[PDB]
Structure formats: C-alpha cells, structure tokens
Ligand SMILES: *[C@@H]1O[C@H](CO)[C@@H](O)[C@H](O)[C@H]1NC(C)=O
Ligand SMILES: *[C@@H]1O[C@H](CO)[C@@H](O)[C@H](O)[C@H]1NC(C)=O
Ligand SMILES: *[C@@H]1O[C@H](CO)[C@@H](O)[C@H](O)[C@H]1NC(C)=O
Ligand SMILES: *[C@@H]1O[C@H](CO)[C@@H](O)[C@H](O)[C@H]1NC(C)=O
Ligand SMILES: *[C@@H]1O[C@H](CO)[C@@H](O)[C@H](O)[C@H]1NC(C)=O
Ligand SMILES: *[C@@H]1O[C@H](CO)[C@@H](O)[C@H](O)[C@H]1NC(C)=O
C-alpha cells in the first residue's frame, strides 16, 4: 500500500509562548514516533482528514501546489482550496467540486468546477514555488483552522531523512467550516512525486528548549518504558536506579447478566385475541 | 441600492471605525437598538451585512422593528430582536432631478402582508381584483431639487450585528495607549495582565512568540504589540515589615 | 369597490408629472398611498 | 375613514387648485362629490 515509517518529523510549537532553556511537558495532538505514513507518485486519491494531519513532499518538483479539505466536498457545505500562482497566494471558502481529477506546462485552475457562492478570499505572499522539503501540518480545533510549516534542505533522493527539526506557524485562519476528508493537489503533464500523510492523536510530550528558545527535540512517552520514565522524572538523564512509573488495568470482556429462570407470565394477548367487545 | 433593490452585501474579517462617524455628523438621524452606540465601537461580531437605498424623506421617521411606513411595507421591513443599527440622513443634494426622478418605482399594496427579510421583487401593476382593470396604477418617485421638507430623498443605511458559530469578532481596536517603564503599574496587554516594572529585555525572541514564561509558569517576557520589541515584567517591591 | 378611481387619480398626478411640477404629483401619490392603506 | 379620506382628498384638490389645472382639480372634486353620492 506504499507505507513508510514516520521517524522523527512531526512536531510543532504547541503554542505561541516562549520559554528559556527549560523542560516543559504538554498534552496536545502529535504523531507517534516510528509510525506509518503512505505515499505514491500514478495518482493520489482522497484521504480522510480525521482530526489533524501531517504532510511532506519529494524533491526536484513542484507539481503539487496545495491541498483541499471539507466533509461532503461539494456545493452543499462550504469548502476550501490553497494554491499560489508564483506571485500572490490565494485562499478561498469557494465552492469548487471534487472532479474525477481535481488538478492543474500550465493548465491554470483546471480544477475549477464552479466559483459560485464563495464568501471569503485571502491573498498574500508565498512559501515555496536536490532541493528543499515540505514540512507542514494541519489541524482544526475550537472552530479554527491552523497551519504549521518550515522550509528545510533535503538530499538522499530515495525517501525520508533522519535528523530532527522544529516547525513554525504560518498564520491562523478563523474559517470555521467543517472538514472530514481532503484530497491531494496534483496534476497531469501533457510527474513522479511523493506526498506523505499520517494521522494524529492526543499524546503527551516532553519538550526541551535550547539556550535561545528553539525546540531542539522532544521525546514522546508512550513508545517504550525508557521513554516513559523520562517524562516522569522531568529530564533526559535517568540516574541509575528504579522508578515505578504508572499503573495498568486489565479490562473485562463481555459484562454477562443473569436473572431468574423463566420470567414469562401475565396473560396479555388473549385479551387482544378475545372474541367480542 | 434602492429600496426594492436591496442587497445584503457582505462585510466581515475587517475592523470598521464607527465612533468617528458620530463626531463626523455625516448621518443626521442616528437611532438604533440592540446595543448602546458608544459600546458597539467596542464589541461586535461577523455578519455585518448592510443596505444603502433611496427613500422619500417622509417615511424615514418610522423605519423600525415592526413599525415601518407602509411605503416600505413591501420595499423593506425589519423584525424585532434585531441586533444592529439603522442610521440615515439627507440626499436631495444630487439624488433628485428636474421633472422628478421617475427612475425609481416604489411598490404600493399587496393582497397580503410582508414579514421581514423577505420581499417581492418583480414588476407590480396593481390589480383591482383577480385581474387588473381590464392599465397601471404602479407609482414611481419624483424628486425635483426644489422638493419639500418631508420629501427629500433621504440617505439611509442599515447595519447587522449578529454571530453564527463561526469565528471573528471583528471590532474596533483600543486606540493604543503610550507605554511606561521604571514604575510599577497595573499593566494590561492584549488580554494578558499582571503588575510590575517593565524594563529592558536582552532575551532575544523569535518572530512568532507572543509572550514568555520561564518556569513554574511565571510571566516574565512580553513582546510589545506595538513594535515587536521585548519587555520585561517583575513583581516589584513587596513583603513584610 | 375596485381601485378604478384610484387609477384615475394616478392618471391625474401623472398628467401633472407630464406638466412639470415634480412635487404636486408626489403629494398626490402620497395621498393615494394613504387611501390604499386606509 | 370617511372624514379623514375626505379631508385629505379635499387637501389634494386644494393643492392642485393652487397649481393651475382646473380640469384635474375639478375631476378629483367630482370624485369627492361621488363620495357624497357614494
Ligand atoms: C507499518 O507498515 C508496515 C509495512 O509497511 C507493517 O509491517 C507494520 O505493521 C505497520 N505498523 C503500523 C504501526 O502501522
Ligand atoms: C449560498 O450558500 C449558503 C450556505 O450558507 C446558502 O444559505 C445560500 O442559499 C446559497 N445561495 C446561493 C445563491 O447559492
Ligand atoms: C459540522 O459542524 C458542526 C458545528 O459547526 C458540528 O457539530 C458537526 O459535527 C460538524 N460535522 C458534520 C459532519 O456535521
Ligand atoms: C543563539 O542566538 C545567538 C544570537 O542570536 C546566535 O549567535 C547563536 O548561534 C544562537 N545559538 C545557537 C546554538 O545557534
Ligand atoms: C430452571 O432451572 C433448572 C435447574 O436445573 C434448569 O434445568 C432449567 O433449564 C431452568 N429453566 C430455564 C427456562 O432456564
Ligand atoms: C393471538 O394468538 C396468536 C397465536 O394464535 C399469537 O401469535 C398472538 O401473539 C396472539 N395475540 C397477541 C396480541 O399477542
């Protein structure tokens, strides 16, 4: 199915606050380190959003120039689309329909089904036109729309890298519309690229800030016990010893119920099966 | 956009000054409900749809919830529980022509009442009965620049202040007050507040960090909203004698 | 009964519109409105 | 209604009296005499 492991990419500053060279835990939405992600180049079908996503690219290409989201993905419920045209970006609440192939040397806006009944535009400056990589994630909370990004170098043509980076907000958007699925933004050229998608969960993380205030790297504490302890002692240096960390309950299975033997009585139907009235 | 050419046109994701309008006195018949005028310049929402039409100076005195001059009985009607404002003034300066501006016809009288927010937009030739007199009693305005007092084609606007479950209360800023240093103050930034002396701040932020805390969640480093510069906080001299 | 008289009053004020008063016909229209609602 | 409609339509005939047009003023007053007859 063209799976691949999600090694260490996938953090994002959980909030617009600063701290100075401290440890700091937090519960929010992330992806599990060493989890699976899918990719492709023939064609990329729709994927369901489902509570926060995380996206990446290949190198030596730009054919993919955005994303589109929603729930019913038609003119019924307001939708959205994100692309740029090399000098000024566009963001819509516009009602374009998911074609058999919503896509675009250039076939501009060939995705366009119908520009009808659109309520909010947005124009601004760009993020990106053996090259960089695309490190973006999206989430919808408190009736909001979010964004987190960065622009980082990349090599090793084959597949994802190792190493670890921070992420950055672009700008928050008070759209509020509903989304439950989405679809890549690809095109046909009349080519071989890599999109990457993984889901999110509510796991609690342990974040270390450098001298200046940049997130060097953190550690999730559900992977294995070694990690777990590290978040119940508040450091990266477990001194020799022993620590109980947490507990566990082996749950039940089926919740049987028992009650008296026969439990069938009280002549009721012969009154309705009666003769006359 | 005249009174049978109403357009619920859109205003959102934008902060519009409203109090500069009062001291401007560009309108002349300020009256509204649902909010104190001097308070709307402080709180408001999305859904700022408006209208701008032409009205004979007479009927204005009744533009209201439930009450409305029966001229706009069809042309434009309002309900109660209307959270917004309705302001108006004169337009007989240019919006009037010799011989009368018949360019606009105003609707007259229907077999049935109208309820607010919905109208009847198509040509009306009054029917004396099932069929009309089988001619036209439909009427159009006339506005000579020398018209009377109660018949100045007035200038009129209606404002909408409601909120769906969407975001974006897009309302007036706080004019901005000049900061102070080297004196303990009950400072209050954009929602954040506390006390203390603001002073220099060597600590070097990054371009996306509103404010700062060090450990135990003590608030100690704020980027000023004005110039992105960085400010320090310190609960100042206190204790026990 | 019907609005025949009303229609003729409209015709009167419109002939005055064709005359060139651009105020009198307006008054007449206002009062026609008043009778229709009355 | 009769008093008010009559008062107002007589005001109309008075106005169109002031603005010279005898035939239309007299026609509106003939409808008022119709109110007298109807
Ligand atoms: C990830 O995918 C590989 C194959 O691509 C599979 O062997 C493994 O069980 C998967 N694990 C998870 C957690 O998805
Ligand atoms: C536009 O979409 C909105 C959805 O809120 C709907 O209420 C409205 O009737 C639509 N109008 C047109 C002209 O499509
Ligand atoms: C749509 O939005 C409403 C609230 O805005 C929410 O209750 C609902 O779960 C969302 N999704 C669908 C599929 O309706
Ligand atoms: C911290 O910031 C200073 C000045 O901005 C810079 O010189 C230094 O390189 C930064 N720290 C690291 C580890 O890069
Ligand atoms: C009632 O209990 C007896 C006990 O042996 C059992 O044999 C019988 O099947 C029970 N009846 C029902 C209806 O369960
Ligand atoms: C009447 O008797 C039939 C069987 O002859 C039974 O299936 C039905 O349940 C009885 N009527 C009612 C109302 O239960």
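Chains as they are written, first to last, in the numbering used here: chain A, 1 to 277; chain B, 1001 to 1241; chain C, 2001 to 2038; chain D, 3001 to 3038.
The C-beta atom is built at its ideal place from N, Cα and C for all residues, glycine as well.
Determine, using beta carbons only, whether residue 3032(D) comes closer than 8 Å to chain F. This model lacks chain F altogether; the protein chains it does include are A, B, C and D.
Counting only beta-carbon separations shorter than 8 Å, does residue 19(A) have a partner in chain B? For the purposes of this step, residue 19(A) is taken as residue 19 along the first chain, with counting starting at 1. Yes, residue 19(A) lies at the interface with chain B (some Cβ there is under 8 Å from its Cβ).
Quick one: what's got a C-beta closer than 8 Å to residue 1185(B)'s C-beta in the same chain, skipping five residues either side? By 1-based counting over the second chain, the position of residue 1185(B) is 185. 1195, 1196, 1197, 1198.
Per DSSP, what are the beta-bridge partners of residue 1212(B) in this structure? Looking up residue 1212(B) in the second chain gives position 212. According to DSSP, residue 1212(B) bridges with 18(A), 1221(B).
Which chain C residues are close to residue 3008(D), counting only those with a beta carbon under 7 Å from its beta carbon? In the fourth chain, counting from the first residue as 1, residue 3008(D) sits at position 8. In chain order: 2031, 2034.
Cβ-Cβ separation, residue 1064(B) to residue 1011(B) (assumed contact under 8 Å), whole Å: For the purposes of this step, residue 1011(B) is taken as the residue at position 11 of the second chain. For the purposes of this step, residue 1064(B) is taken as the residue at position 64 of the second chain. No, residue 1011(B) and residue 1064(B) are not in contact; Cβ-Cβ is about 23 Å, not under 8 Å.
Rounded to the nearest angstrom, what separates residue 1126(B) and residue 2023(C) at their Cα positions? Along the second chain, read from residue 1 onward, the residue named residue 1126(B) stands at position 126. Along the third chain, read from residue 1 onward, the residue named residue 2023(C) stands at position 23. Near 23 Å, if we compare the C-alpha coordinates of residue 2023(C) and residue 1126(B).
Run through chain C and tell me which residues come within less than 9 Å of residue 3022(D), C-beta to C-beta. Residue 3022(D) sits at position 22 when you count from the first residue of the fourth chain. By Cβ distance, chain C contributes nothing, its closest Cβ being about 12 Å from residue 3022(D), past 9 Å.
Answer yes or no: does any C-beta atom of chain A fall closer than 8 Å to that of residue 1232(B)? Numbered from 1 along the second chain, position 232 holds the residue referred to as residue 1232(B). It does not: the Cβ of residue 1232(B) has no partner Cβ on chain A nearer than 8 Å.
Which residues are close to ligand 6, meaning CB closer than 6 Å to any heavy atom, in chain order? Cβ-based neighbours of ligand 6 within the cut-off: 269(A), 272(A), 273(A).
What in chain C is Cβ-close to residue 3001(D), meaning under 8 Å? As a first step, residue 3001(D) must be located in the fourth chain, where it is residue number 1. Against residue 3001(D), the close residues of chain C are 2038, in the order they occur along the chain (beta-carbon pairs closer than 8 Å).
Which residues, in order along the region 141-164 of chain A, keep a beta-carbon less than 8 Å from a beta-carbon of chain B? So the list reads 143, 144, given in the order they occur along the chain.
Please indicate yes or no: does the CB of residue 71(A) lie closer than 7 Å to some heavy atom of ligand 3? What you label residue 71(A) is simply residue 71 of the first chain in a count that begins at 1. Distances between the C-beta of residue 71(A) and the heavy atoms of ligand 3 include at least one below 7 Å.
How big is the Cα-Cα spacing for residue 227(A) and residue 1202(B)? Counting from 1 along the first chain, the entry for residue 227(A) is found at position 227. Counting from 1 along the second chain, the entry for residue 1202(B) is found at position 202. Distance between the alpha carbons of residue 227(A) and residue 1202(B) is about 35 Å.
Using only CA atoms, which one of 149(A), 119(A), 219(A), 266(A) lies nearest to residue 94(A)? What you label residue 94(A) is simply residue 94 of the first chain in a count that begins at 1. Ranked by Cα distance from residue 94(A), the first of 149(A), 119(A), 219(A), 266(A) is 119(A).
Consider the C-beta atom of residue 3(A) and the heavy atoms of ligand 1; say whether any pair is separated by less than 7 Å. One-based indexing of the first chain puts residue 3(A) at position 3. At least one heavy atom of ligand 1 is nearer than 7 Å to the Cβ of residue 3(A), so yes.
Residue 212(A) touches chain B at which residues, Cβ-Cβ below 7 Å? Here residue 212(A) refers to the residue found at position 212 of the first chain. Contact note: residue 212(A) reaches chain B through 1204, using a C-beta cutoff of 7 Å and chain order.
Taking contact to mean 3 or more Cβ pairs, one atom from each stretch, closer than 8 Å, check whether the region 1161-1174 of chain B and the region 1015-1026 of chain B are in contact. Segments in contact, yes.
Mind listing the chain C neighbours of residue 3027(D)? Cutoff is C-beta to C-beta under 7 Å, in chain order. As a first step, residue 3027(D) must be located in the fourth chain, where it is residue number 27. Going along chain C in sequence order, the residues near residue 3027(D) (Cβ under 7 Å) are 2012.
Got a sec, what are the start and stop residues for the alpha helix (DSSP H) residue 39(A) sits in? Numbered from 1 along the first chain, position 39 holds the residue referred to as residue 39(A). Under the DSSP assignment, residue 39(A) falls outside any alpha helix (DSSP H); it carries neither an H nor an E label.
Give the DSSP-derived three-state secondary structure of residue 1075(B) in the structure shown. The residue given as residue 1075(B) occupies position 75 in the second chain. Residue 1075(B): helix per DSSP, three-state reduction.
Would you kindly work out how many angstroms separate the C-alpha atoms of residue 1044(B) and residue 145(A), rounded to a whole number? By 1-based counting over the second chain, the position of residue 1044(B) is 44. By 1-based counting over the first chain, the position of residue 145(A) is 145. For residue 1044(B) and residue 145(A), the distance between alpha carbons rounds to 21 Å.
8 Å Cβ cut-off: residues of chain B touching residue 22(A): Here the question's residue 22(A) lines up with position 22 in the first chain. Residue 22(A) reaches chain B at 1214, 1215, counting residues in chain order whose Cβ is nearer than 8 Å.
Indicate whether at least one CB of chain B lies closer than 8 Å to the CB of residue 174(A). Locating residue 174(A) in the first chain gives position 174, counting from the first residue. For residue 174(A), a Cβ of chain B is located within less than 8 Å of the residue's own Cβ.
Just checking residue 211(A) against ligand 4 - is the residue's beta carbon closer than 7 Å to any of the ligand's heavy atoms? Translated into the one-based positions of the first chain, residue 211(A) becomes position 211. Yes; taking the cut-off as 7 Å, the Cβ of residue 211(A) has a heavy atom of ligand 4 nearer than that.
Can you name, in chain order, every residue of its own chain whose Cβ lies under 6 Å from the Cβ of residue 122(A), other than the five neighbours on each side? Reading the first chain from its first residue, position 122 is the one you call residue 122(A). For residue 122(A), the CB contacts under 6 Å within the same chain, skipping 5 residues up- and downstream, are 91 in chain order.
3 or more residues per run - each beta strand (DSSP E) lying fully within the region 186-245 of chain A: Unbroken beta strand (DSSP E) stretches of 3 residues or longer found wholly inside the region 186-245 of chain A: 201-209, 215-220, given in chain order.
Relative to the C-alpha of residue 1141(B), which residue among 2001(C), 2003(C), 2014(C) is closest? Residue numbering aside, residue 1141(B) sits at position 141 when the second chain is read from its first letter. If we check each option's Cα against that of residue 1141(B), 2014(C) comes out closest.
Which residues mark the beginning and the end of the beta strand (DSSP E) in which residue 3(A) is found? Here residue 3(A) corresponds to residue number 3 of the first chain, with the count starting at 1. Boundaries of the beta strand (DSSP E) around residue 3(A): 3-6.
First through last residue of the alpha helix (DSSP H) which encompasses residue 70(A): Residue mapping note: residue 70(A) aligns to position 70 of the first chain, counting from 1. Here residue 70(A) belongs to no alpha helix (DSSP H); instead the beta strand (DSSP E) covers 67-70.
When you compare the region 1101-1118 of chain B with the region 1159-1169 of chain B, are there three or more beta-carbon pairs, one atom per stretch, that lie closer than 8 Å? Not touching, per the Cβ criterion.
How long is the line joining the alpha carbons of residue 27(A) and residue 5(A), rounded to whole angstroms? As a position in the first chain, residue 27(A) is number 27, starting the count at 1. As a position in the first chain, residue 5(A) is number 5, starting the count at 1. Taking the straight line joining both Cα atoms gives about 23 Å.
Residue 264(A) classed as buried or exposed, judged by whether at least 16 other C-beta atoms fall within 10 angstroms: Within the first chain, numbered from 1, the residue matching residue 264(A) stands at position 264. Around the beta carbon of residue 264(A), a 10 Å sphere encloses fewer than 16 other beta carbons of the protein chains shown; the residue is thus reported as exposed.
Limits of the unbroken alpha helix (DSSP H) element including residue 2033(C): Walking along the third chain from the start, residue 2033(C) turns up at place 33. Counting along the chain, the alpha helix (DSSP H) containing residue 2033(C) begins and ends at 2024-2037.
Residue 57(A) and residue 194(A) closer than 8 Å at C-beta: If you number the first chain from 1, residue 57(A) lands on position 57. If you number the first chain from 1, residue 194(A) lands on position 194. Yes; because the gap between Cβ atoms is below 8 Å, this pair is in contact.
Across the region 129-144 of chain A and the region 217-231 of chain A, are there enough close Cβ pairs to call them in contact, namely three or more that are closer than 8 Å? Not touching, per the Cβ criterion.
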